[PDB]
Amino acid sequence: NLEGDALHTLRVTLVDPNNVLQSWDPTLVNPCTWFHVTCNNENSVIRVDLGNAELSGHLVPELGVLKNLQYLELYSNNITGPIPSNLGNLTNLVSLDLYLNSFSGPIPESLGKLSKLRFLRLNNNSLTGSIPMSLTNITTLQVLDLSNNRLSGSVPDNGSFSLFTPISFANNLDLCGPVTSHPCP
Amino acid sequence: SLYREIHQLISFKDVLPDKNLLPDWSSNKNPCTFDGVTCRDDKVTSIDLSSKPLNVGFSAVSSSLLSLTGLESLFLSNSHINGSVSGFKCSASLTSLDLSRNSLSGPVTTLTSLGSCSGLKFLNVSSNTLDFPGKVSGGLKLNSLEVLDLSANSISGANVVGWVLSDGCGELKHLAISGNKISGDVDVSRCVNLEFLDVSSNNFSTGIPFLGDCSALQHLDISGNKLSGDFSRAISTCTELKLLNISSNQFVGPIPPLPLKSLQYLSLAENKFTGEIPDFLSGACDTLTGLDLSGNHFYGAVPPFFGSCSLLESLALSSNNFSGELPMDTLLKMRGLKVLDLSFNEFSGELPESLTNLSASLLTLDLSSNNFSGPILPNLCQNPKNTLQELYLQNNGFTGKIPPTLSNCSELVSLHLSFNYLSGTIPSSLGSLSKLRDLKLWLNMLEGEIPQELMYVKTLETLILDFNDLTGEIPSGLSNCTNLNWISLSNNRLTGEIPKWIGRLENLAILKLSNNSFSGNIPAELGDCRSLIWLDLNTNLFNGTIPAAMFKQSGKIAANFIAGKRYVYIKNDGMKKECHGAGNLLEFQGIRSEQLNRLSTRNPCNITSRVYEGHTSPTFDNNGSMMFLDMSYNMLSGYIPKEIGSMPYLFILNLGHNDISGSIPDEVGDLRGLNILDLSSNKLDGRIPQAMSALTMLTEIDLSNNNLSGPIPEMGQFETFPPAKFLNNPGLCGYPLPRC
Ligand SMILES: *[C@@H]1O[C@H](CO)[C@@H](O[C@@H]2O[C@H](CO)[C@@H](O[C@@H]3O[C@H](CO)[C@@H](O[C@H]4O[C@H](CO)[C@@H](O)[C@H](O)[C@@H]4O)[C@H](O[C@H]4O[C@H](CO)[C@@H](O)[C@H](O)[C@@H]4O)[C@@H]3O)[C@H](O)[C@H]2NC(C)=O)[C@H](O)[C@H]1NC(C)=O
Ligand SMILES: *[C@@H]1O[C@H](CO)[C@@H](O[C@@H]2O[C@H](CO)[C@@H](O[C@@H]3O[C@H](CO)[C@@H](O)[C@H](O[C@H]4O[C@H](CO)[C@@H](O)[C@H](O)[C@@H]4O)[C@@H]3O)[C@H](O)[C@H]2NC(C)=O)[C@H](O)[C@H]1NC(C)=O
Ligand SMILES: CC(C)[C@H](C)[C@@H](O)[C@H](O)[C@@H](C)[C@H]1CC[C@H]2[C@@H]3COC(=O)[C@H]4C[C@H](O)[C@H](O)C[C@]4(C)[C@H]3CC[C@]12C
Ligand SMILES: *[C@@H]1O[C@H](CO)[C@@H](O[C@@H]2O[C@H](CO)[C@@H](O)[C@H](O)[C@H]2NC(C)=O)[C@H](O)[C@H]1NC(C)=O
Ligand SMILES: *[C@@H]1O[C@H](CO)[C@@H](O)[C@H](O)[C@H]1NC(C)=O
Ligand SMILES: *[C@@H]1O[C@H](CO)[C@@H](O)[C@H](O)[C@H]1NC(C)=O
Ligand SMILES: *[C@@H]1O[C@H](CO)[C@@H](O)[C@H](O)[C@H]1NC(C)=O
Ligand SMILES: *[C@@H]1O[C@H](CO)[C@@H](O)[C@H](O)[C@H]1NC(C)=O
């Protein structure tokens, strides 16, 4: 139960007052029978929705070991710490919503390695640094909300980013480009 | 003495936040006349404050009470005392101290300061919040303790035992460290007098404790650990040994040699042990009381030489690969046998007639989960004064009828006949059992109506009739059972309306009517049941409307008596339309999952997903609400009142495939615990209330086939859900559906 061990490490690192992770047993054959965790017909985890579980702490890199993982919804929590640089090891992730959190650190480079990525919503977080140019190589990008963050630098108008409007990039620290309403020097 | 005695007692009485605490304590009274105080010759030798919520600190105790000259013993158990041990004045007259079940906190090293008591022999600190931060150095420096109990604390570390015994174990007759996290190696070899050791429930990944000569040791509990290696050679030096619990460990291989001379209790249970029961074990037959081999790879048959043991009280072979016939000849040679658990084995064949004798001896007979075949023995309980308590026959190939000779067992508190091929009707004579608690007959071919005479059982708690051919309506007499906490009747042919007298049961936790012909209106009297967290009504003929007062009891709900029972929840996947409702909750005690295929004939559900297991665990002890509601696939009509949103603890709500017409209440948005919601196939109209965006717990929803109109709420989880669930809603728009 590699997936189960990984998710269990995640549980250990997480702070869970409501004990929503209580149902997770490392001794089990797999994680697939756990609450909020969904597996495919191949008995591998395609989904984890922990959203608004009122959790604290930070995440783990072992999440990147889920190959068939599709949906990850962590949204509406106090969760802190950086976004794992090895998250790019997730090929099949179609949705990532971290929004409404204490998450920090720069936006990981390896995220450019997600080909099937559709939803990315980071809005209302503490993230800083530039917005990776590798994300333009993701052609499947549909909905992105970065609004109300500390992100800085120039915003690429190429690739999939051409699909997006300033309200998504709004209320940031300093952002420049055709996409923003503030010009680059 | 007496003056400062009473003055110290009162000076302690002054520190209590509750001004009225000690009723008889006052100045101008003989201290020896006080409650919880035992005085000898006008000198205080004892004080017992146990189970009295003092809500005071230890610092107040050490100064006032422990300074008493001539005081031998102080029992503070469950006195709600907080704080930590500090340096203080202690009389040498002190003998026994009980701090157990209290709030004492801080590092364990503080206990080193108890050496101020010169005559201190017996110390119980068990069940406190004490821990051990960081490294272990030096020692406890108490060698005078004949008894030490550290059990149920927060201590996490390695070789803490060495820190305890640093000053030597020479005088120590008793040690219990349990309920902690401790690793490393255990050396008791310097303690020649130690008669008792409980290290259980800990972190040891390493070798077994070093017992040295192990001359005087009568008790060894290593259980609840990761331990592996050879324990035989370690305990081979122990001549006199009684209780050995090695259970729940990583031990492997065949059963090795043991010190069987004085052995009373032996548990090898819950391990990787292989092979079968060795012969040499018979050497313990002059002694052995009870035995647990459960949870191993053991197979074969029971050695008949165990007939030499008349002292065996309990025999547990459960959870193994065992097969073969019943050694009734050997079993009858055991006079003191009481509980026999054969459950979860491959045992086969019909039932030997001689078994009819055991009704006058055995307390518990568990044959459950086996390859057994044949009829149920009608001659059973022919012998006078039948002593049988619990009978579990479930999961077998047993055929024939159910003989109403079982009424002749009057001591039977539990009957599980379930998961079998048994035919025939239900004998009314079963009503003659006043002591019966758990009656589970489910999954059989049973026919005929329900006995009215069951009204004569007031002690009835769990009744499982599920998955049978039974017909007829429900006897009103069942109302006379006020102690029923579980009612599950599913996949049956039962008809008729639903009783209105259900409100009479304050103890009822669970009601499952699923897959039946019942009709009529859902009674509002359900709102009078304060124990009820679970309702599955899905496939029935019920007409009428849905009352809003049914939820009035939510928030006062007490599920306390419901806990402790094994359950299975089988989730209905919406792929196949022939499998109805959210899911099926059934009582799984004493049954294998692998045999669930026996349901293949009775239910259309497969493709390999998905099963949920466990034990009943309500989310609240008191003042909660309904955790489960499935009315799906019925004739119910009208509009849903605002009260539908009064149950925050509700995990799953399925109203699907009904005639319900009206607007979805904004009160729906008040449910924070709802994981799965099916409103599908109804007449409901209007707009989805924006308040529903307040639901963050939904992993599944189906809104399809309604009259609903307007934009889909963008916020909340609606964006996560597929348009597949939103189909057949003409006026409905907004993501995931197309933009307006
Ligand atoms: C409410 O409960 C009722 C009763 O519990 C339930 O109705 C039963 O539903 C099951 C599942 O669909 C039915 O099971 C079927 O029974 C068929 C016989 O009627 C059987 O066909 C052949 O089987 C027998 C015995 O093998 C054979 O001698 C005959 O020649 C029959 O033609 C079906 O077999 C199918 O399934 C098996 C394994 O599942 C497979 O190997 C076969 O190839 C075939 O695909 C099947 O077992 C049962 O008959 C129903 N009984 C009645 C009285 O209707 C409802 O479905 C429940 N409702 C809800 C909503 O849950
Ligand atoms: C150190 O302190 C702890 C905390 O008290 C203590 O553990 C407890 O010991 C008591 C025994 O004194 C246990 O109480 C028993 O529990 C069993 C259930 O397993 C009951 O059946 C027992 O009932 C009998 O005794 C009663 C009187 O005590 C009778 O009224 C009754 O009819 C029965 O005859 C008995 O209550 C208790 O379970 C444990 N555990 C706890 C409280 O968590 C430990 O023993 C102390 N150490 C030493 C060396 O004494
Ligand atoms: C209190 C008892 C009466 C009850 C049986 C309880 O012990 C039981 O564990 C309940 C709480 C469990 C049994 C089945 C569980 C559900 C299992 O089925 C559902 O598909 C899963 C899907 C997903 O895992 C959700 O996170 C939870 C969710 C929807 C679970 C929500 C909680 C349960 C409903
Ligand atoms: C033998 O050791 C086990 C291991 O802790 C003791 O635990 C019992 O059985 C299960 C373990 O799977 C526990 O969950 C129960 O709480 C325990 N039972 C009881 C009645 O307390 C067990 O108690 C030990 N056996 C004896 C006779 O003490
Ligand atoms: C995190 O947010 C919650 C409510 O969303 C709030 O109650 C809590 O205090 C916050 N965490 C901290 C550490 O303040
Ligand atoms: C997002 O952040 C802005 C300010 O940074 C705040 O005004 C807004 O309320 C936040 N969004 C939510 C949903 O709380
Ligand atoms: C002891 O109890 C008192 C009662 O209010 C409290 O003030 C104090 O913090 C407690 N000490 C500990 C260590 O909890
Ligand atoms: C339920 O339906 C029957 C007719 O099918 C009717 O007589 C009965 O009154 C209905 N119940 C209510 C409350 O309307």
# chains A, B, ... in the order shown; residues from 1 in each chain; ligands from 1
call {"tool": "closest_atom_pairs", "arguments": {"of": "chain B", "to": "ligand 7", "cutoff": "9 Å", "atoms": "only C-alpha atoms and all ligand atoms", "output": "CSV"}}
result
residue,atom,partner,partner_atom_place_in_ligand_line,distance
B:17,CA,ligand 7,4 (C),8.3
B:55,CA,ligand 7,2 (O),6.9
B:56,CA,ligand 7,2 (O),6.2
B:57,CA,ligand 7,1 (C),5.5
B:58,CA,ligand 7,1 (C),8.7
B:81,CA,ligand 7,1 (C),7.6
B:82,CA,ligand 7,1 (C),5.0
B:83,CA,ligand 7,13 (C),4.4
B:84,CA,ligand 7,13 (C),7.2
B:103,CA,ligand 7,14 (O),7.4
B:104,CA,ligand 7,13 (C),7.4
B:105,CA,ligand 7,13 (C),6.4
B:106,CA,ligand 7,13 (C),8.1
call {"tool": "residues_around", "arguments": {"residues": "residue 190 in chain B", "least_positions_apart": "4", "cutoff": "10 Å", "atoms": "only C-alpha atoms", "output": "PDB file with C-alpha atoms, in the first residue's frame"}}
result
ATOM      1  CA  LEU B 165      15.801   0.743  37.463  1.00  0.00           C
ATOM      2  CA  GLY B 168      18.292  -1.102  41.106  1.00  0.00           C
ATOM      3  CA  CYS B 169      15.224  -3.321  40.848  1.00  0.00           C
ATOM      4  CA  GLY B 170      16.113  -5.419  43.890  1.00  0.00           C
ATOM      5  CA  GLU B 171      13.036  -4.625  45.973  1.00  0.00           C
ATOM      6  CA  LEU B 172      10.583  -4.332  43.070  1.00  0.00           C
ATOM      7  CA  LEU B 194       9.697  -9.147  40.324  1.00  0.00           C
ATOM      8  CA  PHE B 210      16.157  -9.682  29.416  1.00  0.00           C
ATOM      9  CA  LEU B 211      14.747 -11.700  32.311  1.00  0.00           C
ATOM     10  CA  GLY B 212      18.007 -13.091  33.674  1.00  0.00           C
ATOM     11  CA  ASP B 213      17.283 -15.985  36.025  1.00  0.00           C
ATOM     12  CA  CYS B 214      13.537 -15.221  35.987  1.00  0.00           C
TER      13      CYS B 214
END
call {"tool": "select_by_dssp", "arguments": {"residues": "range 596-696 of chain B", "states": "helix (DSSP H, G or I)", "output": "list in words"}}
result
residues 596, 597, 598, 599, 642, 643, 644, 645, 666, 667, 668, 669, 670, 690, 691, 692, 693 and 694 of chain B
call {"tool": "write_last_selection", "arguments": {"atoms": "N, CA, C and O atoms", "output": "mmCIF file, in the first residue's frame"}}
result
data_model
loop_
_atom_site.group_PDB
_atom_site.id
_atom_site.type_symbol
_atom_site.label_atom_id
_atom_site.label_comp_id
_atom_site.auth_asym_id
_atom_site.auth_seq_id
_atom_site.Cartn_x
_atom_site.Cartn_y
_atom_site.Cartn_z
ATOM 1 N N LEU B 596 -19.614 -12.889 1.139
ATOM 2 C CA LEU B 596 -20.640 -11.920 0.741
ATOM 3 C C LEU B 596 -21.249 -12.255 -0.620
ATOM 4 O O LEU B 596 -22.329 -11.772 -0.962
ATOM 5 N N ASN B 597 -20.551 -13.089 -1.387
ATOM 6 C CA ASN B 597 -21.051 -13.581 -2.666
ATOM 7 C C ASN B 597 -22.367 -14.345 -2.529
ATOM 8 O O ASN B 597 -23.072 -14.556 -3.513
ATOM 9 N N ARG B 598 -22.688 -14.779 -1.312
ATOM 10 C CA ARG B 598 -23.963 -15.441 -1.054
ATOM 11 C C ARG B 598 -25.135 -14.486 -1.298
ATOM 12 O O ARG B 598 -26.288 -14.910 -1.379
ATOM 13 N N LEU B 599 -24.827 -13.196 -1.411
ATOM 14 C CA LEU B 599 -25.824 -12.174 -1.714
ATOM 15 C C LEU B 599 -26.080 -12.046 -3.215
ATOM 16 O O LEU B 599 -27.014 -11.358 -3.628
ATOM 17 N N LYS B 642 -38.707 23.754 5.824
ATOM 18 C CA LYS B 642 -37.409 24.345 6.144
ATOM 19 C C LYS B 642 -36.645 23.554 7.185
ATOM 20 O O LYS B 642 -35.456 23.776 7.401
ATOM 21 N N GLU B 643 -37.324 22.619 7.827
ATOM 22 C CA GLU B 643 -36.702 21.894 8.908
ATOM 23 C C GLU B 643 -35.702 20.872 8.380
ATOM 24 O O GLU B 643 -34.887 20.351 9.153
ATOM 25 N N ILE B 644 -35.673 20.677 7.059
ATOM 26 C CA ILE B 644 -34.792 19.655 6.485
ATOM 27 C C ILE B 644 -33.325 19.971 6.774
ATOM 28 O O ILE B 644 -32.463 19.086 6.753
ATOM 29 N N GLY B 645 -33.048 21.235 7.061
ATOM 30 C CA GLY B 645 -31.692 21.672 7.312
ATOM 31 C C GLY B 645 -31.302 21.744 8.778
ATOM 32 O O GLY B 645 -30.345 22.437 9.119
ATOM 33 N N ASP B 666 -33.266 27.120 1.590
ATOM 34 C CA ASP B 666 -31.931 27.669 1.793
ATOM 35 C C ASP B 666 -31.319 27.032 3.028
ATOM 36 O O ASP B 666 -30.101 27.034 3.214
ATOM 37 N N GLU B 667 -32.183 26.453 3.854
ATOM 38 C CA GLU B 667 -31.755 25.776 5.066
ATOM 39 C C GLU B 667 -30.890 24.571 4.740
ATOM 40 O O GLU B 667 -30.157 24.080 5.605
ATOM 41 N N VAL B 668 -30.971 24.098 3.493
ATOM 42 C CA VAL B 668 -30.088 23.022 3.052
ATOM 43 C C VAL B 668 -28.631 23.424 3.283
ATOM 44 O O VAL B 668 -27.822 22.626 3.789
ATOM 45 N N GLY B 669 -28.345 24.707 3.076
ATOM 46 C CA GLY B 669 -26.995 25.223 3.227
ATOM 47 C C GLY B 669 -26.448 25.120 4.639
ATOM 48 O O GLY B 669 -25.272 25.393 4.887
ATOM 49 N N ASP B 670 -27.300 24.710 5.570
ATOM 50 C CA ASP B 670 -26.897 24.626 6.961
ATOM 51 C C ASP B 670 -26.301 23.267 7.310
ATOM 52 O O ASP B 670 -25.913 23.044 8.456
ATOM 53 N N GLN B 690 -28.396 30.074 -3.017
ATOM 54 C CA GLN B 690 -26.972 30.375 -2.934
ATOM 55 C C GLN B 690 -26.402 29.847 -1.623
ATOM 56 O O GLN B 690 -25.209 29.564 -1.517
ATOM 57 N N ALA B 691 -27.276 29.696 -0.633
ATOM 58 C CA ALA B 691 -26.888 29.166 0.666
ATOM 59 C C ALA B 691 -26.292 27.768 0.554
ATOM 60 O O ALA B 691 -25.479 27.369 1.386
ATOM 61 N N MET B 692 -26.680 27.027 -0.478
ATOM 62 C CA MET B 692 -26.148 25.679 -0.646
ATOM 63 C C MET B 692 -24.656 25.697 -0.970
ATOM 64 O O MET B 692 -23.966 24.685 -0.813
ATOM 65 N N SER B 693 -24.130 26.874 -1.299
ATOM 66 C CA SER B 693 -22.700 27.005 -1.569
ATOM 67 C C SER B 693 -21.924 26.880 -0.267
ATOM 68 O O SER B 693 -20.693 26.848 -0.260
ATOM 69 N N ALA B 694 -22.660 26.802 0.834
ATOM 70 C CA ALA B 694 -22.055 26.646 2.141
ATOM 71 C C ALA B 694 -21.744 25.179 2.425
ATOM 72 O O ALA B 694 -21.213 24.858 3.490
#
call {"tool": "residues_near_ligand", "arguments": {"ligand": "ligand 5", "cutoff": "8 Å", "atoms": "only C-alpha atoms and all ligand atoms", "output": "number ranges by chain"}}
result
A: 54, 56, 76-78
call {"tool": "interface_residues", "arguments": {"of": "chain A", "to": "chain B", "cutoff": "7 Å", "atoms": "only C-alpha atoms", "output": "MDAnalysis selection string"}}
result
chainID A and resid 33 36 51:52
call {"tool": "residues_around", "arguments": {"residues": "range 134-150 of chain B", "least_positions_apart": "3", "cutoff": "6 Å", "atoms": "only C-alpha atoms", "output": "list in words"}}
result
residues 112, 121, 122, 123, 124, 125, 126, 163, 164, 166, 167, 168, 171, 172, 173, 174, 175, 176 and 177 of chain B
call {"tool": "decode", "arguments": {"residues": "range 118-139 of chain A", "atoms": "N, CA, C and O atoms", "output": "mmCIF file, in the first residue's frame"}}
result
data_model
loop_
_atom_site.group_PDB
_atom_site.id
_atom_site.type_symbol
_atom_site.label_atom_id
_atom_site.label_comp_id
_atom_site.auth_asym_id
_atom_site.auth_seq_id
_atom_site.Cartn_x
_atom_site.Cartn_y
_atom_site.Cartn_z
ATOM 1 N N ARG A 118 -6.070 21.154 -15.784
ATOM 2 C CA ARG A 118 -7.207 21.968 -16.204
ATOM 3 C C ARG A 118 -7.439 23.095 -15.207
ATOM 4 O O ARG A 118 -7.304 24.275 -15.533
ATOM 5 N N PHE A 119 -7.788 22.716 -13.982
ATOM 6 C CA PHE A 119 -8.049 23.679 -12.922
ATOM 7 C C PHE A 119 -6.825 23.940 -12.065
ATOM 8 O O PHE A 119 -6.240 23.012 -11.512
ATOM 9 N N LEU A 120 -6.402 25.197 -11.995
ATOM 10 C CA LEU A 120 -5.478 25.566 -10.931
ATOM 11 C C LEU A 120 -5.989 26.824 -10.248
ATOM 12 O O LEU A 120 -5.968 27.902 -10.836
ATOM 13 N N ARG A 121 -6.443 26.706 -9.006
ATOM 14 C CA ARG A 121 -6.853 27.922 -8.307
ATOM 15 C C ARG A 121 -6.117 28.113 -6.990
ATOM 16 O O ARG A 121 -6.356 27.403 -6.014
ATOM 17 N N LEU A 122 -5.221 29.095 -6.980
ATOM 18 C CA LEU A 122 -4.420 29.423 -5.807
ATOM 19 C C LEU A 122 -4.920 30.641 -5.029
ATOM 20 O O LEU A 122 -4.283 31.056 -4.062
ATOM 21 N N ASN A 123 -6.048 31.209 -5.453
ATOM 22 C CA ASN A 123 -6.487 32.522 -4.976
ATOM 23 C C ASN A 123 -6.590 32.636 -3.456
ATOM 24 O O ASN A 123 -6.879 31.657 -2.769
ATOM 25 N N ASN A 124 -6.327 33.841 -2.952
ATOM 26 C CA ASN A 124 -6.298 34.127 -1.517
ATOM 27 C C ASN A 124 -5.242 33.318 -0.763
ATOM 28 O O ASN A 124 -5.537 32.702 0.262
ATOM 29 N N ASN A 125 -4.013 33.328 -1.272
ATOM 30 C CA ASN A 125 -2.891 32.695 -0.584
ATOM 31 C C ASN A 125 -1.698 33.638 -0.418
ATOM 32 O O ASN A 125 -1.735 34.786 -0.860
ATOM 33 N N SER A 126 -0.646 33.142 0.225
ATOM 34 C CA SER A 126 0.538 33.945 0.523
ATOM 35 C C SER A 126 1.685 33.765 -0.473
ATOM 36 O O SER A 126 2.768 34.315 -0.269
ATOM 37 N N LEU A 127 1.458 32.989 -1.530
ATOM 38 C CA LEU A 127 2.516 32.649 -2.485
ATOM 39 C C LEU A 127 3.218 33.876 -3.062
ATOM 40 O O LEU A 127 2.591 34.903 -3.320
ATOM 41 N N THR A 128 4.527 33.753 -3.261
ATOM 42 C CA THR A 128 5.330 34.831 -3.827
ATOM 43 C C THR A 128 6.152 34.329 -5.006
ATOM 44 O O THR A 128 6.000 33.186 -5.438
ATOM 45 N N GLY A 129 7.016 35.190 -5.529
ATOM 46 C CA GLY A 129 7.876 34.815 -6.635
ATOM 47 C C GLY A 129 7.211 35.008 -7.981
ATOM 48 O O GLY A 129 6.038 35.375 -8.062
ATOM 49 N N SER A 130 7.967 34.758 -9.043
ATOM 50 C CA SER A 130 7.467 34.929 -10.399
ATOM 51 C C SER A 130 6.510 33.802 -10.770
ATOM 52 O O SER A 130 6.458 32.771 -10.100
ATOM 53 N N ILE A 131 5.753 34.006 -11.842
ATOM 54 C CA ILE A 131 4.865 32.972 -12.356
ATOM 55 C C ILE A 131 5.587 32.197 -13.448
ATOM 56 O O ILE A 131 5.922 32.762 -14.489
ATOM 57 N N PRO A 132 5.842 30.901 -13.203
ATOM 58 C CA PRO A 132 6.645 30.042 -14.083
ATOM 59 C C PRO A 132 6.209 30.088 -15.545
ATOM 60 O O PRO A 132 5.016 30.061 -15.844
ATOM 61 N N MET A 133 7.185 30.152 -16.443
ATOM 62 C CA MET A 133 6.920 30.238 -17.873
ATOM 63 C C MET A 133 6.650 28.860 -18.476
ATOM 64 O O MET A 133 6.162 28.750 -19.604
ATOM 65 N N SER A 134 6.986 27.815 -17.727
ATOM 66 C CA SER A 134 6.741 26.450 -18.175
ATOM 67 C C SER A 134 5.248 26.138 -18.202
ATOM 68 O O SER A 134 4.805 25.237 -18.916
ATOM 69 N N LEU A 135 4.477 26.896 -17.430
ATOM 70 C CA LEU A 135 3.033 26.706 -17.366
ATOM 71 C C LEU A 135 2.371 26.982 -18.714
ATOM 72 O O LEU A 135 1.291 26.465 -19.003
ATOM 73 N N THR A 136 3.044 27.767 -19.551
ATOM 74 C CA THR A 136 2.546 28.080 -20.885
ATOM 75 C C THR A 136 2.581 26.831 -21.751
ATOM 76 O O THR A 136 1.802 26.692 -22.694
ATOM 77 N N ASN A 137 3.493 25.921 -21.426
ATOM 78 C CA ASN A 137 3.585 24.666 -22.155
ATOM 79 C C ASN A 137 2.425 23.750 -21.790
ATOM 80 O O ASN A 137 2.259 22.683 -22.383
ATOM 81 N N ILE A 138 1.622 24.170 -20.815
ATOM 82 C CA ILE A 138 0.405 23.441 -20.502
ATOM 83 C C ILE A 138 -0.726 24.040 -21.322
ATOM 84 O O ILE A 138 -1.152 25.168 -21.078
ATOM 85 N N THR A 139 -1.208 23.279 -22.295
ATOM 86 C CA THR A 139 -2.201 23.781 -23.234
ATOM 87 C C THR A 139 -3.614 23.529 -22.730
ATOM 88 O O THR A 139 -4.582 24.066 -23.267
#
